[PDB]
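Single chain ahead, by itself, as structure tokens, in the form deposited in one PDB entry.
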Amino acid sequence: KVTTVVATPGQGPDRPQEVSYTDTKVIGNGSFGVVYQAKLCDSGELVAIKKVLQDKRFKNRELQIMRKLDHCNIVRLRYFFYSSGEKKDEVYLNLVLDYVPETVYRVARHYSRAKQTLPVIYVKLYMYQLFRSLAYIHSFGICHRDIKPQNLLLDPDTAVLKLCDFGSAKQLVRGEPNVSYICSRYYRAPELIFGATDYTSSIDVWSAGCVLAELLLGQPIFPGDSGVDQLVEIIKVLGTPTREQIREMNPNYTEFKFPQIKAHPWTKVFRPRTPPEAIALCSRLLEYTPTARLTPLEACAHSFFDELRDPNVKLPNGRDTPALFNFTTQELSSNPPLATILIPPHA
């Protein structure tokens, strides 16, 4: 019932520390390993414990990356420790992380299954915090490579969003190739489908655009049945990519031949009452040419998020909005002048 381990703190002084926890239960199992909920005996706080078999055959920088990160929109790593487990001669890594009760996937599904869509204030708040989280990691050159609603945790009372699951993440280095079959299919950037190994952090921006469109639509905008059919789904919205767009995606595939299909108007992709600013923003994320997509910090600055910078904005439940403007130098480093838009005069 009470488990006591000696664990290393996620950040700060390296000295190991005795940690006890109880009330453990499984909250999810899959390709990511097993994630448990538990309660810290010391403080009584709920935590998540992610348990991952250490398998040389599968690359994984999750611990390395998480020990470096400290941001209000990224799930915090509290401790880590090694243990035995199911495979009775191998070693498991255990990550003790913050517990966050909901996910964007479940909250969106709640409306979608009732033939509603997520109220617009929450689309603004969640998308904005996701772009903040992306601006933060991209400033270290770290690409998440698995942005999707299942990996976005939410506190429904405070509207705080926290990015999680860095099992696919990697520090991208110019000139060093990266694997092309990456990202969950529906959220996979087209340059990855075209087999690019020299891609950049903008593949996360495409995935974020897929999340935004999905929150506006009530279902994935690009529900491909296969790695290849994923491209067909994209084309049936954006139209057939031109030769130059393919050259921007992967120079080695420009001779690609596909039937000529014209784009579907953005204003007809979404239902009539969709806020035009959200459509506008979506059109600048879901672009074939990877360098044409907005950067996360540019996205934060988009007019779609102006309501969040209003001094009188409030959560529907009457509470104040969460922290939105406590930008750091590291966070603003891609475009420091942008602070004058991102940080409103009242903050």
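One-based numbering along the sequence shown. Between two forms, the rigid core is defined as the largest C-alpha subset superposing within 1.5 Å.
> So if we fit everything on the core, which stretch drifts more in 9 other deposited structures of this protein, 41-49 or 24-32, C-alphas only?
After the core superposition, the stretch with higher RMS deviation in 9 other deposited structures of this protein is 24-32.
> Do the Cα atoms of 205-213 or of 267-275 sit farther, on average, from the shown structure in 9 other deposited structures of this protein when the rigid core is superposed?
When 205-213 and 267-275 are compared in 9 other deposited structures of this protein, the bigger C-alpha shift is seen for 267-275.
> Would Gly85 be found without coordinates in at least a third of the other compared entries?
Affirmative; at least a third of those entries omit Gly85.
> Tell me which stretch, 208-216 or 86-94, has the higher mean Cα B-factor listed in the entry.
Stretch with the higher mean C-alpha B-factor: 86-94.
> So, looking at the entry's B-factor column for Cα atoms, which has the higher mean, 9-17 or 323-331?
Per the PDB entry, the higher value belongs to 9-17.
> Of the choices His264, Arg273, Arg113, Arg145, which one's C-alpha carries the largest B-factor in the record?
Each of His264, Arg273, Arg113, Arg145 was compared by C-alpha B-factor; the highest is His264.
> Between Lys314, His302, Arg61, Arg293, where does the Cα B-factor run highest in the record?
Checking the PDB record, the top C-alpha B-factor among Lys314, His302, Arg61, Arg293 is at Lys314.
> Ranking the modelled residues of this chain by C-alpha B-factor as given in the entry, is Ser180 in the lowest, middle or highest third?
Answer is highest: the recorded C-alpha B-factor places it there.
> Consider only the C-alpha atoms of the modelled residues in this chain, order them by B-factor as the entry records it, and name the third containing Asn250: lowest, middle or highest.
Ranked within chain, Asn250 CA B lands in the highest tercile.
> Per the entry's values, where does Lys39 land by CA temperature factor relative to the rest of its chain, in the lowest, middle or highest third?
Its C-alpha B-factor belongs to the middle third of this chain's values.
> Sorting the chain's modelled residues by C-alpha B-factor, tell me whether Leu53 ends up in the lowest, middle or highest third.
Top third by C-alpha B-factor.
> When the modelled residues of the chain are sorted by Cα temperature factor, does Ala196 land in the lowest, middle or highest third?
Ranked within chain, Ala196 CA B lands in the highest tercile.
The same protein also exists as the form solved in complex with a partner chain; that form is not shown, yet it is the one meant from here on.
> Applying a 4.5 Å heavy atom distance criterion, does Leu231 contact its partner chain in the entry with it bound?
Because a heavy atom of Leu231 falls inside 4.5 Å of its partner chain in the entry with it bound, the answer is yes.
> Within 4.5 Å, heavy atoms only: does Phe194 come near its partner chain in the entry with it bound?
Yes, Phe194 is a contact residue.
> Would you classify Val173 as touching its partner chain in the entry with it bound, given a 4.5 Å non-hydrogen atom cut-off?
The answer is no: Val173 has no heavy atom within 4.5 Å of its partner chain.
> Verify the contact flag for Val123: yes if a non-hydrogen atom of it lies within 4.5 Å of a non-hydrogen atom of its partner chain in the entry with it bound, no if not.
Because no heavy atom of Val123 falls inside 4.5 Å of its partner chain in the entry with it bound, the answer is no.
> For the interface check, one of 76-84, 205-213, 132-140, 248-256 should have non-hydrogen atoms within 4.5 Å of its partner chain in the entry with it bound; which one?
Heavy-atom contact with the partner occurs in 248-256.
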